[PDB]
Amino acid sequence: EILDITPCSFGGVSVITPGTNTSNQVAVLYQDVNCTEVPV
Amino acid sequence: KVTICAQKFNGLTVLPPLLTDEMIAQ
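This entry lists cryo-EM as its structure determination method and reports a resolution of 3.9 Å.

Going by the PDB entry, chain A carries the name Spike glycoprotein and comes from Severe acute respiratory syndrome coronavirus 2.

Colleague: Can you help me understand the overall build of chain A in this one?
Modeller: In terms of helices and strands, chain A carries 0 helices and 2 strands. In terms of its C-alpha atoms, chain A occupies a principal-axis envelope of roughly 60 × 15 × 15 Å. Looking at chain A as a whole, 0% of its 40 residues qualify as buried. Carbon and sulfur atoms make up 56% of the accessible area of chain A, which totals about 4000 Å².

Colleague: Honestly, the environment of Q31 of chain A in this entry has me stumped. Any pointers?
Modeller: All names here are of chain A. Along the chain, the position of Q31 falls in the segment after β2 (27–30). Aside from chain neighbours lying at most four places away, what touches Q31 is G12, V13 and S14. One polar contact links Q31 to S14, side chain to side chain, over a distance of 3.0 Å.

Colleague: Sorry if this is basic, but what is going on with the layout of surface pockets here?
Modeller: To locate leftover empty space, one rolls a probe as large as a water molecule over the atoms. Residue and element names in this part refer to chain A. Counted as a void, the second largest pocket has a volume near 220 Å³. If you go around the second largest pocket, the residues you meet are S9, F10, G11, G12, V13, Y30, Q31, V33, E37, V38 and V40. Across the lining of the second largest pocket, the residue classes tally to 6 nonpolar, 4 polar and 1 charged.

Colleague: Is there a simple way to explain the state of the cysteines in this structure?
Modeller: A covalent bond between the sulfur atoms of two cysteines is what we call a disulfide. Throughout the structure, instances matching the rule amount to 0 disulfides over all chains. The thiol sulfur of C8 of chain A is not disulfide-bonded, and the nearest other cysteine sulfur, from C35 of chain A, lies at 18 Å.

Colleague: Is there a simple way to explain unusual backbone geometry in this structure?
Modeller: Residue and element names in this part refer to chain A. Even without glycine at this site, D32 takes up a positive phi of about 60°. Assignment of secondary structure puts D32 in the segment after β2. Here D32 falls in the exposed class, since its relative accessible area comes to 81%.

Cut-offs used in this document
Residues numbered from 1 in each chain as written, not as in the entry; some residues may be left out. Chains lettered and ligands numbered in written order. Part of a larger assembly, values for the part shown. Heavy atoms only, no water. Helix = DSSP H or I, 4+ residues; strand = E, 2+ residues; numbered from the N terminus. Buried < 20%, exposed > 50% of the residue type's maximum accessible area, 1.4 Å probe, protein only. Areas by Shrake-Rupley, 256 points an atom, 1.4 Å probe, with all protein chains shown as cover. Contact = heavy atoms within 4.5 Å. Polar contact = N/O pair within 3.5 Å; in protein donor to acceptor, adjacent residues only side chain to side chain. 1 Å grid on protein atoms, 1.4 Å probe; cavity = no way out; pocket = protein on both sides within 12 Å on 5 of 7 lines; lining within 4 Å. Points joined across faces, edges and corners; volume = space filled by probe spheres on them. Nonpolar A, V, L, I, M, F, W, Y, C, P; charged D, E, K, R; others polar. Disulfide = S-S within 2.5 Å.

Below you can see the structure in the form of structure tokens.
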């Protein structure tokens, strides 16, 4: 039986921040990933 | 008239450009 092998997902993490002088509240971009499996 | 794979598996990320095709037409 034919088995397609795919390496399981990867992607860089983009971090959006304002100035640390302004705030420490930050946001995270997961790129090229539909966030159906976020946690790992 | 202007036309390897869509998926690459070793750290080859093509990034989306900031300015989309629609607003360049705008």
